[PDB]
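> Here you go, this is model35.cif (mmCIF, C-alpha atoms and all ligand atoms).
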data_query
loop_
_atom_site.group_PDB
_atom_site.id
_atom_site.type_symbol
_atom_site.label_atom_id
_atom_site.label_comp_id
_atom_site.auth_asym_id
_atom_site.auth_seq_id
_atom_site.Cartn_x
_atom_site.Cartn_y
_atom_site.Cartn_z
ATOM 1 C CA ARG S 164 -53.623 -87.237 -1.748
ATOM 2 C CA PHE S 165 -50.326 -86.140 -3.414
ATOM 3 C CA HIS S 166 -46.710 -86.529 -2.330
ATOM 4 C CA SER S 167 -45.209 -83.453 -0.637
ATOM 5 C CA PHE S 168 -41.713 -83.166 -2.236
ATOM 6 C CA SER S 169 -38.803 -80.900 -1.188
ATOM 7 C CA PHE S 170 -37.064 -78.719 -3.852
ATOM 8 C CA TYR S 171 -33.625 -80.401 -3.468
ATOM 9 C CA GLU S 172 -35.115 -83.919 -4.059
ATOM 10 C CA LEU S 173 -36.694 -82.679 -7.354
ATOM 11 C CA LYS S 174 -33.472 -80.809 -8.320
ATOM 12 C CA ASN S 175 -31.342 -84.021 -8.525
ATOM 13 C CA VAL S 176 -34.001 -86.076 -10.339
ATOM 14 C CA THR S 177 -33.772 -83.412 -13.123
ATOM 15 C CA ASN S 178 -29.875 -83.307 -13.288
ATOM 16 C CA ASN S 179 -29.959 -79.878 -11.429
ATOM 17 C CA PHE S 180 -32.917 -78.750 -13.622
ATOM 18 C CA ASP S 181 -30.784 -79.317 -16.780
ATOM 19 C CA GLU S 182 -32.292 -76.636 -19.094
ATOM 20 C CA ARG S 183 -30.733 -78.373 -22.163
ATOM 21 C CA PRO S 184 -33.040 -80.332 -24.582
ATOM 22 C CA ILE S 185 -33.245 -84.165 -24.162
ATOM 23 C CA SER S 186 -31.976 -84.536 -27.807
ATOM 24 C CA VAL S 187 -28.596 -82.924 -26.821
ATOM 25 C CA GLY S 188 -28.500 -84.913 -23.519
ATOM 26 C CA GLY S 189 -30.300 -82.605 -21.057
ATOM 27 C CA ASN S 190 -33.632 -82.659 -19.126
ATOM 28 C CA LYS S 191 -35.776 -79.889 -20.864
ATOM 29 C CA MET S 192 -38.921 -81.533 -22.397
ATOM 30 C CA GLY S 193 -40.458 -78.169 -23.337
ATOM 31 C CA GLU S 194 -41.725 -74.797 -22.071
ATOM 32 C CA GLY S 195 -44.896 -72.751 -21.628
ATOM 33 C CA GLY S 196 -45.717 -69.204 -20.524
ATOM 34 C CA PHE S 197 -46.251 -70.491 -16.936
ATOM 35 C CA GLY S 198 -43.146 -72.700 -16.553
ATOM 36 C CA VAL S 199 -40.608 -75.244 -17.884
ATOM 37 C CA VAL S 200 -41.209 -79.060 -18.011
ATOM 38 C CA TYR S 201 -38.414 -81.499 -17.113
ATOM 39 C CA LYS S 202 -38.048 -85.242 -17.409
ATOM 40 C CA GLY S 203 -37.342 -86.686 -13.943
ATOM 41 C CA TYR S 204 -36.428 -90.136 -12.639
ATOM 42 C CA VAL S 205 -37.939 -91.077 -9.266
ATOM 43 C CA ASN S 206 -36.643 -94.548 -8.260
ATOM 44 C CA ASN S 207 -36.604 -95.939 -11.879
ATOM 45 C CA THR S 208 -40.142 -94.417 -12.490
ATOM 46 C CA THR S 209 -40.242 -91.592 -15.066
ATOM 47 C CA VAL S 210 -41.972 -88.306 -14.101
ATOM 48 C CA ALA S 211 -42.760 -84.898 -15.610
ATOM 49 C CA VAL S 212 -41.623 -81.984 -13.318
ATOM 50 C CA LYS S 213 -43.157 -78.535 -13.970
ATOM 51 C CA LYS S 214 -41.025 -75.710 -12.427
ATOM 52 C CA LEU S 215 -43.091 -72.430 -12.615
ATOM 53 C CA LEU S 226 -48.545 -68.115 -10.901
ATOM 54 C CA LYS S 227 -49.222 -69.426 -7.337
ATOM 55 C CA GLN S 228 -53.033 -69.188 -8.019
ATOM 56 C CA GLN S 229 -52.630 -71.567 -11.018
ATOM 57 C CA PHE S 230 -50.326 -73.912 -8.931
ATOM 58 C CA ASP S 231 -53.085 -74.192 -6.270
ATOM 59 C CA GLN S 232 -55.947 -74.496 -8.858
ATOM 60 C CA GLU S 233 -54.146 -77.411 -10.598
ATOM 61 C CA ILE S 234 -53.785 -79.165 -7.126
ATOM 62 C CA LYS S 235 -57.471 -78.350 -6.214
ATOM 63 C CA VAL S 236 -58.821 -79.805 -9.546
ATOM 64 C CA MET S 237 -56.372 -82.853 -9.529
ATOM 65 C CA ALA S 238 -57.416 -83.848 -5.944
ATOM 66 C CA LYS S 239 -61.143 -83.716 -6.847
ATOM 67 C CA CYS S 240 -60.943 -85.221 -10.394
ATOM 68 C CA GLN S 241 -59.521 -88.762 -10.895
ATOM 69 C CA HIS S 242 -60.213 -90.332 -14.310
ATOM 70 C CA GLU S 243 -58.623 -92.686 -16.942
ATOM 71 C CA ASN S 244 -58.713 -89.749 -19.395
ATOM 72 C CA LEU S 245 -57.003 -87.063 -17.228
ATOM 73 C CA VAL S 246 -53.273 -86.644 -16.509
ATOM 74 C CA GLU S 247 -52.392 -87.875 -13.035
ATOM 75 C CA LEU S 248 -50.603 -85.577 -10.572
ATOM 76 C CA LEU S 249 -48.185 -87.369 -8.253
ATOM 77 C CA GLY S 250 -46.806 -84.494 -6.198
ATOM 78 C CA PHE S 251 -45.810 -80.850 -5.620
ATOM 79 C CA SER S 252 -42.939 -78.788 -4.059
ATOM 80 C CA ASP S 257 -39.891 -71.681 -6.539
ATOM 81 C CA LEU S 258 -42.882 -73.941 -7.428
ATOM 82 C CA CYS S 259 -42.914 -77.460 -8.941
ATOM 83 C CA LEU S 260 -45.669 -79.934 -9.988
ATOM 84 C CA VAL S 261 -44.931 -83.682 -10.524
ATOM 85 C CA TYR S 262 -47.014 -85.758 -12.961
ATOM 86 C CA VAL S 263 -47.139 -89.250 -14.438
ATOM 87 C CA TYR S 264 -44.845 -89.264 -17.520
ATOM 88 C CA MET S 265 -46.684 -89.529 -20.902
ATOM 89 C CA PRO S 266 -44.253 -91.417 -23.152
ATOM 90 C CA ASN S 267 -46.122 -90.391 -26.308
ATOM 91 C CA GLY S 268 -46.185 -86.613 -25.583
ATOM 92 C CA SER S 269 -49.037 -84.455 -26.898
ATOM 93 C CA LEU S 270 -51.610 -85.046 -29.649
ATOM 94 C CA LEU S 271 -50.307 -81.810 -31.304
ATOM 95 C CA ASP S 272 -46.780 -83.369 -31.536
ATOM 96 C CA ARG S 273 -48.134 -86.668 -32.779
ATOM 97 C CA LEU S 274 -50.306 -84.970 -35.460
ATOM 98 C CA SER S 275 -47.122 -83.043 -36.528
ATOM 99 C CA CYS S 276 -45.089 -86.341 -36.490
ATOM 100 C CA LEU S 277 -42.602 -84.326 -34.388
ATOM 101 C CA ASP S 278 -39.132 -85.867 -33.949
ATOM 102 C CA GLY S 279 -39.858 -88.493 -36.620
ATOM 103 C CA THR S 280 -42.712 -90.373 -34.966
ATOM 104 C CA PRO S 281 -45.054 -92.247 -37.432
ATOM 105 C CA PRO S 282 -48.458 -90.758 -38.379
ATOM 106 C CA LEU S 283 -51.438 -91.755 -36.205
ATOM 107 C CA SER S 284 -53.924 -94.065 -37.914
ATOM 108 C CA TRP S 285 -57.616 -93.134 -38.292
ATOM 109 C CA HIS S 286 -58.337 -95.979 -35.816
ATOM 110 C CA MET S 287 -56.007 -94.470 -33.112
ATOM 111 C CA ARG S 288 -57.397 -90.923 -33.850
ATOM 112 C CA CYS S 289 -60.976 -92.161 -33.191
ATOM 113 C CA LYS S 290 -60.025 -93.665 -29.791
ATOM 114 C CA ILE S 291 -58.063 -90.508 -28.854
ATOM 115 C CA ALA S 292 -61.159 -88.313 -29.671
ATOM 116 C CA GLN S 293 -63.398 -90.735 -27.657
ATOM 117 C CA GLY S 294 -60.982 -90.678 -24.729
ATOM 118 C CA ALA S 295 -60.585 -86.884 -24.868
ATOM 119 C CA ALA S 296 -64.459 -86.491 -24.776
ATOM 120 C CA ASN S 297 -64.672 -88.910 -21.754
ATOM 121 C CA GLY S 298 -62.089 -86.709 -20.011
ATOM 122 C CA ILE S 299 -64.075 -83.499 -20.729
ATOM 123 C CA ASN S 300 -67.373 -85.257 -19.732
ATOM 124 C CA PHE S 301 -65.880 -86.194 -16.368
ATOM 125 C CA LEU S 302 -64.729 -82.595 -15.714
ATOM 126 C CA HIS S 303 -68.163 -81.104 -16.651
ATOM 127 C CA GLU S 304 -69.996 -83.828 -14.584
ATOM 128 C CA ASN S 305 -67.912 -82.491 -11.662
ATOM 129 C CA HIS S 306 -68.915 -78.830 -12.534
ATOM 130 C CA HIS S 307 -65.442 -77.825 -13.881
ATOM 131 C CA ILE S 308 -64.735 -75.751 -17.022
ATOM 132 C CA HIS S 309 -61.223 -76.531 -18.384
ATOM 133 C CA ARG S 310 -60.879 -73.177 -20.259
ATOM 134 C CA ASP S 311 -57.877 -74.307 -22.409
ATOM 135 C CA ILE S 312 -58.958 -77.349 -24.458
ATOM 136 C CA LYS S 313 -56.470 -77.736 -27.321
ATOM 137 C CA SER S 314 -54.380 -80.585 -28.871
ATOM 138 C CA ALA S 315 -51.211 -79.427 -26.929
ATOM 139 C CA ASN S 316 -53.236 -80.152 -23.687
ATOM 140 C CA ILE S 317 -54.195 -83.723 -24.778
ATOM 141 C CA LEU S 318 -51.418 -86.091 -23.743
ATOM 142 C CA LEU S 319 -50.755 -89.679 -24.840
ATOM 143 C CA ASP S 320 -49.735 -92.612 -22.630
ATOM 144 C CA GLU S 321 -47.949 -95.922 -23.498
ATOM 145 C CA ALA S 322 -51.208 -97.139 -25.119
ATOM 146 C CA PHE S 323 -52.038 -93.840 -26.843
ATOM 147 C CA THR S 324 -54.847 -93.235 -24.282
ATOM 148 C CA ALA S 325 -55.918 -89.565 -24.252
ATOM 149 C CA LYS S 326 -55.301 -87.654 -21.046
ATOM 150 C CA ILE S 327 -56.558 -84.056 -20.626
ATOM 151 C CA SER S 328 -53.827 -81.909 -18.992
ATOM 152 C CA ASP S 329 -53.277 -78.370 -17.641
ATOM 153 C CA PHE S 330 -56.047 -77.464 -15.142
ATOM 154 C CA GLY S 331 -54.185 -74.288 -14.009
ATOM 155 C CA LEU S 332 -56.876 -72.148 -15.778
ATOM 156 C CA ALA S 333 -59.837 -74.484 -14.836
ATOM 157 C CA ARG S 334 -62.930 -73.007 -13.038
ATOM 158 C CA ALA S 335 -65.434 -74.605 -10.600
ATOM 159 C CA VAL S 343 -70.194 -65.873 -15.408
ATOM 160 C CA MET S 344 -67.877 -63.038 -16.648
ATOM 161 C CA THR S 345 -64.118 -62.279 -16.276
ATOM 162 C CA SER S 346 -61.876 -59.207 -16.836
ATOM 163 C CA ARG S 347 -58.868 -61.591 -17.354
ATOM 164 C CA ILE S 348 -59.687 -63.363 -20.696
ATOM 165 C CA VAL S 349 -57.369 -66.423 -20.839
ATOM 166 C CA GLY S 350 -56.911 -69.318 -23.285
ATOM 167 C CA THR S 351 -55.629 -70.040 -26.821
ATOM 168 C CA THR S 352 -57.017 -67.630 -29.476
ATOM 169 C CA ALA S 353 -57.202 -70.232 -32.374
ATOM 170 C CA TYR S 354 -59.361 -72.571 -30.200
ATOM 171 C CA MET S 355 -61.537 -70.038 -28.359
ATOM 172 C CA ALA S 356 -65.311 -69.687 -28.681
ATOM 173 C CA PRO S 357 -66.563 -66.185 -29.655
ATOM 174 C CA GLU S 358 -68.180 -65.706 -26.191
ATOM 175 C CA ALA S 359 -64.958 -66.830 -24.391
ATOM 176 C CA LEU S 360 -63.053 -64.073 -26.297
ATOM 177 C CA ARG S 361 -65.768 -61.689 -24.973
ATOM 178 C CA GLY S 362 -65.210 -62.581 -21.275
ATOM 179 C CA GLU S 363 -67.868 -65.272 -20.625
ATOM 180 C CA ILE S 364 -66.891 -68.429 -18.633
ATOM 181 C CA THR S 365 -69.132 -71.407 -19.695
ATOM 182 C CA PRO S 366 -68.617 -75.204 -20.261
ATOM 183 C CA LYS S 367 -70.095 -74.531 -23.778
ATOM 184 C CA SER S 368 -66.790 -72.774 -24.713
ATOM 185 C CA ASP S 369 -64.977 -76.092 -23.936
ATOM 186 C CA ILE S 370 -67.327 -77.730 -26.546
ATOM 187 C CA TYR S 371 -66.298 -75.158 -29.211
ATOM 188 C CA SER S 372 -62.531 -75.734 -28.472
ATOM 189 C CA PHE S 373 -63.086 -79.511 -28.701
ATOM 190 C CA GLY S 374 -64.527 -78.980 -32.231
ATOM 191 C CA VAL S 375 -61.205 -77.355 -33.271
ATOM 192 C CA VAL S 376 -59.365 -80.440 -31.823
ATOM 193 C CA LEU S 377 -61.640 -82.676 -33.918
ATOM 194 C CA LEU S 378 -60.712 -80.631 -37.022
ATOM 195 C CA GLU S 379 -56.948 -81.052 -36.150
ATOM 196 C CA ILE S 380 -57.506 -84.819 -35.730
ATOM 197 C CA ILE S 381 -59.265 -85.062 -39.163
ATOM 198 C CA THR S 382 -56.886 -82.780 -41.109
ATOM 199 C CA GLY S 383 -53.560 -83.140 -39.244
ATOM 200 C CA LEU S 384 -53.365 -79.304 -39.569
ATOM 201 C CA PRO S 385 -52.350 -76.835 -36.822
ATOM 202 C CA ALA S 386 -55.299 -74.647 -35.489
ATOM 203 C CA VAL S 387 -53.525 -71.473 -36.678
ATOM 204 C CA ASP S 388 -51.077 -71.039 -39.627
ATOM 205 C CA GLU S 389 -49.972 -67.582 -40.944
ATOM 206 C CA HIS S 390 -48.629 -69.475 -44.003
ATOM 207 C CA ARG S 391 -52.169 -70.769 -45.013
ATOM 208 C CA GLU S 392 -55.595 -69.909 -46.502
ATOM 209 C CA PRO S 393 -57.624 -69.929 -44.252
ATOM 210 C CA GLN S 394 -55.189 -68.986 -41.440
ATOM 211 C CA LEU S 395 -57.555 -70.443 -38.822
ATOM 212 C CA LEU S 396 -58.580 -74.069 -39.080
ATOM 213 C CA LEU S 397 -62.115 -73.407 -37.664
ATOM 214 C CA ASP S 398 -62.789 -71.369 -40.863
ATOM 215 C CA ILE S 399 -62.682 -74.562 -43.006
ATOM 216 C CA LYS S 400 -66.258 -75.180 -41.628
ATOM 217 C CA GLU S 401 -67.424 -72.102 -43.663
ATOM 218 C CA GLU S 402 -65.464 -73.165 -46.828
ATOM 219 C CA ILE S 403 -67.302 -76.562 -46.642
ATOM 220 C CA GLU S 404 -70.790 -75.061 -45.876
ATOM 221 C CA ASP S 405 -70.303 -72.651 -48.834
ATOM 222 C CA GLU S 406 -69.311 -75.740 -50.995
ATOM 223 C CA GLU S 407 -65.873 -74.243 -52.066
ATOM 224 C CA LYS S 408 -64.210 -77.397 -50.622
ATOM 225 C CA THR S 409 -65.349 -80.662 -48.915
ATOM 226 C CA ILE S 410 -64.102 -82.643 -45.876
ATOM 227 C CA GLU S 411 -62.498 -85.068 -48.409
ATOM 228 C CA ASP S 412 -60.314 -82.171 -49.693
ATOM 229 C CA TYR S 413 -59.053 -81.688 -46.042
ATOM 230 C CA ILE S 414 -58.635 -85.324 -44.726
ATOM 231 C CA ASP S 415 -55.017 -85.855 -43.534
ATOM 232 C CA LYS S 416 -53.107 -87.569 -46.413
ATOM 233 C CA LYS S 417 -50.773 -89.199 -43.808
ATOM 234 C CA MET S 418 -53.386 -91.982 -43.139
ATOM 235 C CA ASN S 419 -54.299 -95.019 -45.273
ATOM 236 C CA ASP S 420 -57.230 -96.284 -43.104
ATOM 237 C CA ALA S 421 -59.731 -93.372 -43.181
ATOM 238 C CA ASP S 422 -63.247 -93.953 -44.621
ATOM 239 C CA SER S 423 -65.589 -91.187 -45.746
ATOM 240 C CA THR S 424 -68.383 -92.523 -43.445
ATOM 241 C CA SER S 425 -66.568 -92.170 -40.110
ATOM 242 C CA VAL S 426 -64.614 -89.085 -41.263
ATOM 243 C CA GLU S 427 -67.954 -87.372 -42.120
ATOM 244 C CA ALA S 428 -69.494 -88.475 -38.745
ATOM 245 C CA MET S 429 -66.535 -86.911 -36.803
ATOM 246 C CA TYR S 430 -66.811 -83.779 -39.020
ATOM 247 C CA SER S 431 -70.561 -83.525 -38.235
ATOM 248 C CA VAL S 432 -69.676 -83.607 -34.485
ATOM 249 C CA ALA S 433 -66.956 -80.884 -35.026
ATOM 250 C CA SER S 434 -69.443 -78.805 -37.140
ATOM 251 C CA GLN S 435 -72.040 -79.001 -34.276
ATOM 252 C CA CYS S 436 -69.384 -78.044 -31.606
ATOM 253 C CA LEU S 437 -68.248 -75.051 -33.712
ATOM 254 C CA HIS S 438 -71.756 -73.393 -33.766
ATOM 255 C CA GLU S 439 -71.389 -69.643 -33.075
ATOM 256 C CA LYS S 440 -74.417 -69.619 -30.694
ATOM 257 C CA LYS S 441 -73.271 -71.280 -27.396
ATOM 258 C CA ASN S 442 -76.815 -72.635 -26.682
ATOM 259 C CA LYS S 443 -77.068 -74.360 -30.138
ATOM 260 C CA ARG S 444 -73.922 -76.421 -29.333
ATOM 261 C CA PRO S 445 -74.324 -79.999 -28.042
ATOM 262 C CA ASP S 446 -73.434 -80.776 -24.386
ATOM 263 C CA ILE S 447 -70.371 -83.028 -23.783
ATOM 264 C CA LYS S 448 -72.722 -86.032 -23.005
ATOM 265 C CA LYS S 449 -74.194 -85.740 -26.576
ATOM 266 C CA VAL S 450 -70.631 -85.266 -28.004
ATOM 267 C CA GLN S 451 -69.489 -88.423 -26.147
ATOM 268 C CA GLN S 452 -72.617 -90.300 -27.417
ATOM 269 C CA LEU S 453 -71.994 -89.223 -31.076
ATOM 270 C CA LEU S 454 -68.284 -90.256 -31.113
ATOM 271 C CA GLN S 455 -69.367 -93.689 -29.692
ATOM 272 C CA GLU S 456 -71.984 -94.220 -32.497
ATOM 273 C CA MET S 457 -69.217 -93.300 -35.080
ATOM 274 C CA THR S 458 -67.187 -96.520 -34.389
HETATM 275 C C1 LIG B 1 -39.505 -79.313 -27.400
HETATM 276 N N1 LIG B 1 -40.891 -78.861 -27.530
HETATM 277 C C2 LIG B 1 -41.330 -77.701 -27.020
HETATM 278 O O1 LIG B 1 -40.652 -76.905 -26.388
HETATM 279 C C3 LIG B 1 -42.786 -77.550 -27.372
HETATM 280 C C4 LIG B 1 -43.212 -78.898 -27.958
HETATM 281 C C5 LIG B 1 -44.174 -79.771 -27.158
HETATM 282 N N2 LIG B 1 -43.497 -80.500 -26.077
HETATM 283 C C6 LIG B 1 -44.391 -80.919 -24.977
HETATM 284 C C7 LIG B 1 -44.925 -82.361 -24.953
HETATM 285 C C8 LIG B 1 -45.769 -82.653 -23.696
HETATM 286 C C9 LIG B 1 -45.043 -82.252 -22.412
HETATM 287 N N3 LIG B 1 -45.828 -82.562 -21.215
HETATM 288 C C10 LIG B 1 -45.747 -83.738 -20.555
HETATM 289 N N4 LIG B 1 -44.968 -84.701 -21.110
HETATM 290 C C11 LIG B 1 -44.981 -85.902 -20.524
HETATM 291 N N5 LIG B 1 -45.662 -86.295 -19.442
HETATM 292 C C12 LIG B 1 -46.419 -85.335 -18.887
HETATM 293 N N6 LIG B 1 -47.203 -85.491 -17.782
HETATM 294 C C13 LIG B 1 -47.834 -84.307 -17.523
HETATM 295 C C14 LIG B 1 -47.454 -83.356 -18.426
HETATM 296 C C15 LIG B 1 -47.971 -81.941 -18.519
HETATM 297 C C16 LIG B 1 -46.864 -80.895 -18.325
HETATM 298 C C17 LIG B 1 -47.464 -79.514 -18.246
HETATM 299 O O2 LIG B 1 -48.407 -79.428 -17.179
HETATM 300 C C18 LIG B 1 -49.513 -80.309 -17.405
HETATM 301 C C19 LIG B 1 -49.066 -81.752 -17.449
HETATM 302 C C20 LIG B 1 -46.529 -84.010 -19.350
HETATM 303 C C21 LIG B 1 -44.667 -80.781 -22.457
HETATM 304 C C22 LIG B 1 -43.756 -80.486 -23.652
HETATM 305 C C23 LIG B 1 -42.653 -81.563 -26.656
HETATM 306 C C24 LIG B 1 -41.936 -81.127 -27.940
HETATM 307 C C25 LIG B 1 -41.906 -79.638 -28.289
#
Would you mind writing the file out in structure tokens?
Ligand SMILES: CN1C(=O)C[C@@H]2CN([C@H]3CC[C@H](Nc4ncnc5[nH]cc(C6CCOCC6)c45)CC3)CC[C@@H]21


Amino acid sequence: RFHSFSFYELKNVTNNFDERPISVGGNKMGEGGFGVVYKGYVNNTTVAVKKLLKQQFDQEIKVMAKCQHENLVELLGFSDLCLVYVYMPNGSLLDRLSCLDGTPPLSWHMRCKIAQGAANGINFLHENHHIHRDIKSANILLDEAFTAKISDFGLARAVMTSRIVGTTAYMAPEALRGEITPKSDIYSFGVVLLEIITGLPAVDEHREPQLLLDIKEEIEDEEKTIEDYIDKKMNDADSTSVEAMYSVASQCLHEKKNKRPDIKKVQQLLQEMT
């Protein structure tokens, strides 16, 4: 179970929900469309407090109670709505690929383990009949050992929908059309694999192509190769393993949902790669 916190307890851990950035000397880690994230200190232990909508608060608690895995973020408690999680000292994979706030580039070696971990996390969710619905590098967090933890199960589902949710740059064509399927999570994971290989954001208005997933077509049509796109901020990449991770991403990014490999095959392929 999770700890049932009171709003005043969580207010003082966050310096009265200090909306100032940490860099200036505040408690604001970042913000999403659902709520703001705050660094909190609970008896010398560092936590992430998410002050938020109620449907997503409950869904996150419902999925977190059912799903416990090495490769998922851990929820510690809940409270105006607040969610308390284990603090991830190495933020998100998106931030680490961007070398945000002057952090060093991730090696090919670390990137491989992060992809393997991320796939184990998705495998566990699908084994437990859960579709994440928002797989992206901003939702892959990194612990003190750079272990991948899948986060944000507010949109998760245990099929069609009139309320199409998720990130546009990462979404499968059928997901954009209203279908809910674990196959769409596979597609989104392929985009994450492309971000891991290239170090490029999934969408860039200042780029050709604007969407990262479109580099698959540039490569198939022999205009460019994977070598042309490998992140130059690594010194330990080898064409063999880079090509094996690209082949997995290529397979995930198939337009026909049924032609995509299941997460068990994805997990199996990333294992063979190392
Ligand atoms: C200033 N920035 C912004 O405004 C946007 C940019 C990205 N941000 C992120 C880094 C990751 C962080 N999230 C956590 N950070 C540590 N430990 C955690 N445990 C559980 C979480 C999740 C919280 C959400 O709900 C799901 C669980 C989490 C949210 C802000 C950093 C830099 C940039």

> Tell me, as a list in words, which residues lie within 6 Å of stretch 252-269 of chain S, counting only C-alpha atoms; anything in the same chain fewer than 4 positions away does not count.

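Neighbouring residues, sequence-local ones excluded: residues 168, 169, 170, 209, 210, 211, 212, 213, 214, 215, 247, 248, 315, 317, 318, 319, 320 and 321 of chain S.
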
> How would you write, as a JSON list (two decimals) with C-alpha atoms, in the frame of the given file, the residues chosen by the PyMOL selection byres (((chain S and resi 358-362) around 7) and not hetatm) on this structure?


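Produced file selection-v3.json, reproduced below:
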[["chain", "number", "residue", "atom", "x", "y", "z"],
["S", 344, "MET", "CA", -67.88, -63.04, -16.65],
["S", 345, "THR", "CA", -64.12, -62.28, -16.28],
["S", 346, "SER", "CA", -61.88, -59.21, -16.84],
["S", 348, "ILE", "CA", -59.69, -63.36, -20.70],
["S", 355, "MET", "CA", -61.54, -70.04, -28.36],
["S", 356, "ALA", "CA", -65.31, -69.69, -28.68],
["S", 357, "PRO", "CA", -66.56, -66.18, -29.66],
["S", 363, "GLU", "CA", -67.87, -65.27, -20.62],
["S", 364, "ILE", "CA", -66.89, -68.43, -18.63],
["S", 368, "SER", "CA", -66.79, -72.77, -24.71]]

> Taking the file above as input, evaluate the PyMOL selection byres (((chain S and resi 240) around 8) and not hetatm) and report the hits as a PyMOL selection string.

chain S and resi 236-239+241-242+301-302+305

> Kindly indicate which residue among S:431, S:177, S:231, S:382 lies nearest to residue S:192, using all atoms listed in the file for the distances.

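Among the listed residues, the smallest separation from residue S:192 belongs to S:177.
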
> By how many Å are atom CA of residue S:275 and atom CA of residue S:178 apart?

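Atom CA of residue S:178 lies at a distance of 28.9 Å from atom CA of residue S:275.
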
> Could you check how far atom CA of residue S:195 sits from atom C18 of ligand LIG 1 (chain B), in Å to one decimal?

9.8 Å
